[PDB]
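Notes to accompany the following structure.
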Amino acid sequence: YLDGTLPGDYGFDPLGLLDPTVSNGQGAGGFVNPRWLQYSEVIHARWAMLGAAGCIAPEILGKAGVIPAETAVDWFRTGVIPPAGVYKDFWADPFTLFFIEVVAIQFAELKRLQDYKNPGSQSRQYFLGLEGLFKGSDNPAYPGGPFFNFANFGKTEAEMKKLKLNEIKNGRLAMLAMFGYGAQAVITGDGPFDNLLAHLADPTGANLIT
Amino acid sequence: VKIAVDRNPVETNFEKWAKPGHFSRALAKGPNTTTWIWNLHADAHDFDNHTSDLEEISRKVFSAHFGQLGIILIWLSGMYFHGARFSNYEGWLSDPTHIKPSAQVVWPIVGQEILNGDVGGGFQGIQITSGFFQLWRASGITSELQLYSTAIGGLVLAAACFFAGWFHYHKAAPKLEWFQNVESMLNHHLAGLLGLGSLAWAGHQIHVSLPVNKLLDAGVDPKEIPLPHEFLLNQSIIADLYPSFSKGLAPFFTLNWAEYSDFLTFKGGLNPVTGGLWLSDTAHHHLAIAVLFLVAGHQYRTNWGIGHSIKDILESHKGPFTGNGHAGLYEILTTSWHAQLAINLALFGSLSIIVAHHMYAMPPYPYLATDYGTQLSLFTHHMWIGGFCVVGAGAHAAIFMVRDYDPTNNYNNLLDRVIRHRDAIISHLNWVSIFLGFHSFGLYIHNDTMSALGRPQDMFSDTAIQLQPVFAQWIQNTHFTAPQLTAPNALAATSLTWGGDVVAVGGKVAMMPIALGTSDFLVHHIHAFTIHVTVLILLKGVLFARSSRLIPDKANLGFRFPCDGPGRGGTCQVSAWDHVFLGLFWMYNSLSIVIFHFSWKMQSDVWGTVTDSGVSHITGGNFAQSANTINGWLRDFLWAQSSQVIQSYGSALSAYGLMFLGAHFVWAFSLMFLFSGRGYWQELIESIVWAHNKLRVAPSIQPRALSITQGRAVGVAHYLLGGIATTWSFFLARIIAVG
Amino acid sequence: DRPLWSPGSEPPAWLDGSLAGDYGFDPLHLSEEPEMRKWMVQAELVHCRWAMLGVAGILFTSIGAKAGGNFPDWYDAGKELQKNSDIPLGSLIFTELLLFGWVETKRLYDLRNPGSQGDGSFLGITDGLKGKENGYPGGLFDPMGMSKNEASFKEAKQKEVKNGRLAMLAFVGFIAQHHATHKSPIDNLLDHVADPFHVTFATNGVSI
Amino acid sequence: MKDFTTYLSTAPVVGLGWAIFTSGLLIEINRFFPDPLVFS
Ligand code: CLA
Ligand code: CLA
Ligand code: CLA
Ligand code: CLA
Ligand code: CLA
Ligand SMILES: CCCCCCCCCCCCCCCC(=O)OC[C@H](COP(=O)(O)OC[C@@H](O)CO)OC(=O)CCCCCCCCCCCCCCC
Ligand SMILES: CC(=C/C=C/C=C(C)/C=C/C=C(C)/C=C/[C@@]12O[C@]1(C)C[C@@H](O)CC2(C)C)/C=C/C=C(C)/C=C/[C@@]12O[C@]1(C)C[C@@H](O)CC2(C)C
Ligand code: SF4
């Protein structure tokens, strides 16, 4: 059933979750289906594309002389998992920032969900004049618009398909990387860049086998 | 193999809540008699009778089972919560031997505060006998905050389980194909559930429970204990307790597993401090159990062209004497739920019986063997649960023969050949019961008659015509002398019941060798009498459910019917339902003596306070001499041990004195239903309806006496409840007031 | 055709939009029947109007206490004012219960039967004391002619409800950030304005 | 909601509300006024 029309189709579905036989009826139903799984693949990718860039950027810039070493700290010692460590000097405590996080996000996320349940629904109601930017598209993962694609890149359809899968190939790689950051940290107890600096120095001596 | 689901089959609304009886065609009309009410609550969960579709029956079952889990999880969370806020766990943890548990404090209205007894620990409440305190200590739990969080987790998971039952029925319900993928269930339920679940517990045992219980047994105060997360983060702390942790998973991947001998052990026996199993041994057990179930889960074929297929296995084990054997069973078990329910209940009930034996001799939790009320309550509980479950197999197997039996699939099969020599089964089994009841119970009457006549030399006893169980005695020594020869690496034996020395804890013995004699011979043979008979009643009902010589057409009458009629001299209680109704009385007579065997034996020969000069048992070791006579069971067990219950008025055990009486009322009350019949009562109601009619106050729903099968069910229910609740009061009051 | 509590959600069938402060918010399907809907709109307004009347009393005193005036906290005010009063407790309660039973009962029978209290029995009053709508009387409770215009009456109904929902949320606030801080509401305000980043609900020592 | 109120009007649900009333009434009448036997 994998025709290959999709961007990131390379014929790898051993367990057959994307088949159209499952969820035969019509309705909302369950989450295992082509409409939701295709959507969550890029969402896990985009969030991971941001995370893997940010988990290693302060450490690299810290080894370099640009950023102060006080701020340059391992991604797991910056406030998450306070047993690991906690940055004392922010402009506010973590829990105050979490309420900022929960609020400003839960607008963004639930507004996106209603567009999945009811396309174009968020433009119809008044939202401080920002309604023109949320018109959406046929595919919810790639809405586009005056903001999300403010610089219209793929005016041609063929160029979009090339970009639509470069978003995935560069993205599915990042998901693996973050899985490496978590596993590296537990065993090594050090940042991801310092672990690289060791394998380049003593590869045979610094390794998972060790 | 693949996933298959049907979206939004059923709309969710309260429309059918207002219309009771919608599931059945007969009940959807409405009530004109009061019999409609009893049939409603009865036929509610008989999904096979509602509709012929096997798919809908599967959707209903898979979603109802989610309900029992949610019902369990709020019950389980209640114990954790009630143990956190209304208990003395922190006090008992610091002085377990002297302080008694309690988690059910009572409110102060009329009387009812005296039940809050002086338990100890600056606390007063009801004394529990469920063994939660020893369970929470076997795992690392020092504070009440851990119990609160554990309770909130259960409510969260329980709502998810309830949510799933709605989702996987009302919104997105699987298809019949998804259910018939049987080979994937065993693969997932062996490896995933039993395999990883045991492996995970070893993670909790290894990383948390072992160090915490090591410090607690070394006299350290609970508040000074490092919290269990500290052992995870700090490799240095736990290394001080078990130095093997310093190496850090290099021994595992290099296959040098001897380094882990510090905390993975084969000690055997019991802990001298706690009177419980070595916690290091259990982590090794559940670890090896995981590797065993993991390989078992990679057996079948599911999708990747490797593995076995259950159908080819079954239809390949054939024999001459059997003919066509095991052939048409894969079609049975994949099509009828009742067949599986019969098999599973049989081995889920016989397992709880195995749990009851294998805990009392091998106390896994600390400070359990010294809590005699707890050790006696878990045995009695998990045995009764086994008897009910086993009897359910005889009921839920006869339903298969009546409803889901197609003779076309079964020709010269194992199931067909069993029916064709059924009269040989019941006949040969009838002789055994008579042989045993004579040679077993007749021996008791012989001892009674000899004693009353003044001929005690002629009784069956130790000072007498001894009948000693030589085979069990040989097995006790073999398992006792095993560490020398058959299990060299074993430091000691599995339990001290086989042989050895006493293990004393808090001045009380946890376990000591049990000696078998002439009395233990008679009792172990009395149990076989009650068992071979209980099988006769159920097995007869199964084979003769579909047809008999008296009634060649029972299957058309159905599973439960009272009688065909007065003809043929009488056809009352001929159905398979009425065989189950009789088997329950024999299950009761069986386990009631298995339980009396456990109480008098362990009080007299095992339990007691250890002094400088030996042990002083509770009943002075009178099981050997008195048990041979039935009057001994009446004098030394019933009349004697009932002193604590009867004298409970004016103390915290007063509730047991009342339940002891109320249990007798409900028992005798059942006799009205068993002895009598519907006919007398329906006429009496007519003379009562006249007065209610004379005053123009009469129900439009006509009053009708209970059906025949209902009067029989109502009897055995109030019967068993009164018979079982009496022991529940006679035991806990006897044992809580120790001796 | 109008805003909603969650954009894109289909509003219920029974909430047409004529009622004041209607945003299609009733997931429990309450007020689905006409008679219950006729009861709840009157319950919402009294729970509102009592909130406004009460919360203003708390701000007035808590401000007068912070300025210097002799006013106590809104909590533990009935305990310190009864210690030194000539009116015992019990004579003050059943002066309130007895006097409200008159009003609260007359309001009930206008609900069950509109225009019923304007018969002229009570002191010869007929044109007043008959309801204009369910929870919106007039004549005597509207001395200023601020309701004899449907254009300016329909939006005023929207302001009565919007400043009301907000008001009875605030009363839940006073309960909550009193139990945490055990201080007045105004004192909690000046602290947040003084050091907004540091003094929040996270740093009160509670709710964590 | 019309069907929910109808379910609440069934026999056992109405009986539950009755039982809490009669039982809670008798208990609170024994919580206060403890141990009555003679009626003044
Ligand atoms: C509020 C949500 C909701 C609603 C409106 C419905 C509505 C409906 N369900 Mg559904 N269902 C729900 C939640 C819901 N369900 C959940 C959460 C589950 C998972 C358990 C199911 C599982 C389910 C199944 C499996 C079936 C239905 C069916 C039905 C229909 C018949 C309802 C009926 O007979 O009422 C019954 C009304 C009750 C109040 C039942 C209460 C039962 C509780 C759980 C027992 C409590 C135990 C008690 C406390 C123990 C003490 C007793 C003591 C003696 C031991 C109806 C369309 C049936 C159907 O399709 O119609 C043919 C059907 O077969 N539902
Ligand atoms: C590793 C996978 C896995 C696991 C762990 C389970 C586990 C379970 N299955 Mg199961 N099942 C599986 C795969 C699995 N199944 C597959 C592949 C199929 C189809 C071939 C089925 C079909 C199936 C049926 C038809 C039934 C079960 C049932 C059960 C439950 C038995 C209750 C019990 O013994 O108490 C143990 C109880 C617990 C340990 C409590 C934990 C409960 C949580 C919610 C379950 C978490 C595991 C869940 C399956 C993960 C996926 C859910 C996710 C998609 C949301 C148990 C939770 C029965 C059931 O649903 O009863 C409710 C039942 O009737 N299973
Ligand atoms: C996994 C366990 C299990 C399951 C799922 C079922 C399921 C079923 N059984 Mg079965 N059964 C079981 C175990 C089980 N049974 C066991 C262990 C036995 C042996 C005792 C039986 C004996 C049995 C018989 C003899 C019959 C069934 C029947 C049925 C069906 C109808 C259910 C019904 O009427 O209940 C609806 C619910 C009730 C009737 C309420 C039960 C109330 C009980 C009796 C009172 C409990 C008292 C309480 C614990 C203590 C007193 C306190 C009180 C004040 C609250 C259904 C398919 C009947 C049938 O027609 O099968 C097709 C039938 O005739 N079963
Ligand atoms: C104390 C009461 C009592 C007694 C003694 C019996 C006895 C018996 N029941 Mg039984 N039963 C009872 C109550 C009792 N029942 C009740 C209340 C129920 C209702 C649930 C049942 C339901 C029931 C069923 C459903 C079944 C039995 C069966 C049996 C027989 C098993 C065979 C056996 O071991 O006999 C051997 C003999 C004895 C146990 C007698 C003991 C006393 C001694 C040995 C006799 C001494 C004789 C003496 C020397 C001769 C004197 C002669 C004189 C005239 C001079 C046996 C006759 C089973 C049966 O008949 O099939 C095999 C069977 O299937 N019973
Ligand atoms: C959740 C499990 C459950 C349980 C335990 C019961 C139990 C009962 N139901 Mg039932 N029922 C259930 C689920 C359940 N039902 C479901 C899911 C439905 C579908 C909506 C029904 C629908 C239903 C109907 C339609 C009727 C019952 C009736 C009854 C009662 C039988 C009549 C009787 O003996 O009193 C005989 C009573 C008298 C002769 C005189 C009146 C005095 C009574 C005893 C006082 C009130 C008792 C009170 C309800 C007890 C509290 C509830 C209790 C379970 C804790 C009995 C109490 C019948 C009834 O009238 O209930 C009272 C009845 O007509 N049930
Ligand atoms: C627990 C001890 C109980 C033992 C006494 C019980 C005797 C009652 C049974 C008599 C039925 C005889 C007719 C057989 C029925 C028969 O004809 O079937 C034929 C069957 C041989 O089958 P085939 O090889 O032809 O085919 C098998 C295939 O059909 C596979 O399905 O015979 C046996 O299996 C012998 C069974 C002996 C059964 C006695 C032992 C049962 C207990 C097992 C433990 C015994 C050893 C104990 C010592 C430690
Ligand atoms: C690998 C992965 C990662 C998720 C990846 C998604 C991720 C990791 C989320 C990333 C977000 C991040 C990292 C942000 C973090 C931070 O905010 C904090 C928390 C902490 C701060 O210190 C720093 C910052 C950065 C601020 C995805 C795994 C799924 C796999 C492999 C499945 C493979 C298959 O084989 C199967 C099973 C089944 C087949 O039918 C289908 C496929 C698909 C073929
Ligand atoms: S009702 Fe009584 S007499 Fe008639 S067939 Fe049934 S058991 Fe026999």
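As shown in the structure tokens, the chain order sets the letters A, B, ...; within each chain, residues go from 1, and ligands are also counted from 1 in the order they appear.
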task = Would you kindly return, as a PyMOL selection string, each protein, DNA or RNA residue with an atom no farther than 9 Å from any atom of residue 128 in chain C, considering only C-alpha atoms and excluding same-chain residues fewer than 5 positions away?
result = chain C and resi 117-118+137-141
(message) Taking only C-alpha atoms and all ligand atoms into account, which residues have an atom no farther than 7 Å from ligand 7? I'd like them as a ChimeraX atom specification.
(response) /A:12-17,44-45,47-48,50-52,54-55,75-78,80,175-176,178-179
**Asked** Counting only C-alpha atoms and all ligand atoms, which protein, DNA or RNA residues come within 6 Å of ligand 2, given as a PyMOL selection string?
**Response** chain B and resi 62+65-66+161+179+181-182+184-185+188-189+192-193
Export of the given selection (C-alpha atoms) as a PDB file, in the first residue's frame:
ATOM      1  CA  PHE B  62     -12.857  -7.073  26.470  1.00  0.00           C
ATOM      2  CA  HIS B  65     -12.626  -6.672  31.934  1.00  0.00           C
ATOM      3  CA  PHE B  66     -11.297  -3.112  31.930  1.00  0.00           C
ATOM      4  CA  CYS B 161      -8.677   1.719  32.575  1.00  0.00           C
ATOM      5  CA  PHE B 179      -9.365 -11.427  19.008  1.00  0.00           C
ATOM      6  CA  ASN B 181      -4.954 -13.662  16.760  1.00  0.00           C
ATOM      7  CA  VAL B 182      -4.257 -16.029  19.619  1.00  0.00           C
ATOM      8  CA  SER B 184       0.201 -12.980  19.411  1.00  0.00           C
ATOM      9  CA  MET B 185      -1.469 -12.908  22.825  1.00  0.00           C
ATOM     10  CA  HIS B 188       2.989 -10.609  24.212  1.00  0.00           C
ATOM     11  CA  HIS B 189       1.452 -11.820  27.481  1.00  0.00           C
ATOM     12  CA  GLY B 192       5.797  -8.561  27.889  1.00  0.00           C
ATOM     13  CA  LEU B 193       3.602  -9.011  30.956  1.00  0.00           C
TER      14      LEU B 193
END
List as a PyMOL selection string the protein and nucleic acid residues lying within 7 Å of ligand 4, with only C-alpha atoms and all ligand atoms counted. chain B and resi 430+433-438+441-442+533+536-537+582-583+585-586
If you count only C-alpha atoms, the residue of B:37, B:18, B:215, B:233 closest to chain D turns out to be B:18
- Message: Using only C-alpha atoms, I'd like every residue of chain B that has an atom within 6 Å of chain A; please write them out as a ChimeraX atom specification.
- Response: /B:3-7,171-172
message: Show me, as JSON, numbers by chain, the residues of chain C whose atoms get within 10 Å of chain D, using only C-alpha atoms for the distance check.
response: {"C": [28, 29, 30, 31, 32, 33]}
Could you list the residues in chain D lying within 10 Å of chain B, using only C-alpha atoms, and format the result as a PyMOL selection string?
chain D and resi 1-10+27-28+30-32+34-35
Go ahead and save the residues from that selection, with N, CA, C and O atoms, as an mmCIF file, in the first residue's frame.
data_model
loop_
_atom_site.group_PDB
_atom_site.id
_atom_site.type_symbol
_atom_site.label_atom_id
_atom_site.label_comp_id
_atom_site.auth_asym_id
_atom_site.auth_seq_id
_atom_site.Cartn_x
_atom_site.Cartn_y
_atom_site.Cartn_z
ATOM 1 N N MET D 1 -30.165 14.723 29.011
ATOM 2 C CA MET D 1 -30.411 15.039 30.439
ATOM 3 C C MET D 1 -31.769 14.520 30.874
ATOM 4 O O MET D 1 -31.952 14.128 32.025
ATOM 5 N N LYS D 2 -32.727 14.532 29.946
ATOM 6 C CA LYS D 2 -34.041 13.973 30.238
ATOM 7 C C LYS D 2 -33.935 12.493 30.568
ATOM 8 O O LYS D 2 -34.690 11.977 31.401
ATOM 9 N N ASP D 3 -33.003 11.793 29.922
ATOM 10 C CA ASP D 3 -32.819 10.375 30.192
ATOM 11 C C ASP D 3 -31.995 10.160 31.455
ATOM 12 O O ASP D 3 -32.187 9.168 32.165
ATOM 13 N N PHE D 4 -31.075 11.079 31.749
ATOM 14 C CA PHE D 4 -30.308 10.984 32.985
ATOM 15 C C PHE D 4 -31.209 11.144 34.198
ATOM 16 O O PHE D 4 -31.130 10.357 35.147
ATOM 17 N N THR D 5 -32.069 12.162 34.186
ATOM 18 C CA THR D 5 -33.022 12.345 35.272
ATOM 19 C C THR D 5 -33.952 11.148 35.389
ATOM 20 O O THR D 5 -34.394 10.799 36.489
ATOM 21 N N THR D 6 -34.264 10.509 34.262
ATOM 22 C CA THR D 6 -35.108 9.324 34.296
ATOM 23 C C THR D 6 -34.383 8.154 34.942
ATOM 24 O O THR D 6 -34.985 7.380 35.694
ATOM 25 N N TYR D 7 -33.089 8.006 34.659
ATOM 26 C CA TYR D 7 -32.307 6.968 35.318
ATOM 27 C C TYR D 7 -32.234 7.213 36.816
ATOM 28 O O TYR D 7 -32.314 6.273 37.613
ATOM 29 N N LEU D 8 -32.089 8.474 37.217
ATOM 30 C CA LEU D 8 -32.087 8.814 38.633
ATOM 31 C C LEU D 8 -33.434 8.559 39.288
ATOM 32 O O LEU D 8 -33.494 8.418 40.513
ATOM 33 N N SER D 9 -34.509 8.501 38.510
ATOM 34 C CA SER D 9 -35.832 8.206 39.034
ATOM 35 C C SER D 9 -36.116 6.715 39.126
ATOM 36 O O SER D 9 -37.229 6.338 39.500
ATOM 37 N N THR D 10 -35.154 5.860 38.793
ATOM 38 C CA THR D 10 -35.364 4.431 38.936
ATOM 39 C C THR D 10 -35.475 4.058 40.408
ATOM 40 O O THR D 10 -35.230 4.864 41.307
ATOM 41 N N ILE D 27 -28.516 8.773 62.662
ATOM 42 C CA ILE D 27 -27.172 8.811 63.221
ATOM 43 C C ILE D 27 -26.897 10.171 63.843
ATOM 44 O O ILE D 27 -26.435 10.267 64.986
ATOM 45 N N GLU D 28 -27.173 11.244 63.103
ATOM 46 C CA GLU D 28 -26.929 12.582 63.626
ATOM 47 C C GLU D 28 -27.830 12.877 64.819
ATOM 48 O O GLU D 28 -27.465 13.656 65.705
ATOM 49 N N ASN D 30 -28.386 10.606 66.927
ATOM 50 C CA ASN D 30 -27.635 9.917 67.964
ATOM 51 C C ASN D 30 -26.238 10.480 68.164
ATOM 52 O O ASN D 30 -25.621 10.203 69.196
ATOM 53 N N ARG D 31 -25.724 11.249 67.204
ATOM 54 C CA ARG D 31 -24.476 11.968 67.420
ATOM 55 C C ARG D 31 -24.669 13.073 68.444
ATOM 56 O O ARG D 31 -23.993 13.097 69.479
ATOM 57 N N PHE D 32 -25.581 13.995 68.170
ATOM 58 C CA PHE D 32 -26.183 14.829 69.191
ATOM 59 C C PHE D 32 -27.298 14.028 69.839
ATOM 60 O O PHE D 32 -27.756 13.028 69.284
ATOM 61 N N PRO D 34 -27.179 12.030 72.627
ATOM 62 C CA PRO D 34 -26.693 10.653 72.688
ATOM 63 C C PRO D 34 -27.444 9.824 73.716
ATOM 64 O O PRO D 34 -27.744 10.268 74.825
ATOM 65 N N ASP D 35 -27.728 8.591 73.324
ATOM 66 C CA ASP D 35 -28.299 7.566 74.188
ATOM 67 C C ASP D 35 -29.692 7.904 74.711
ATOM 68 O O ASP D 35 -29.879 8.047 75.926
#
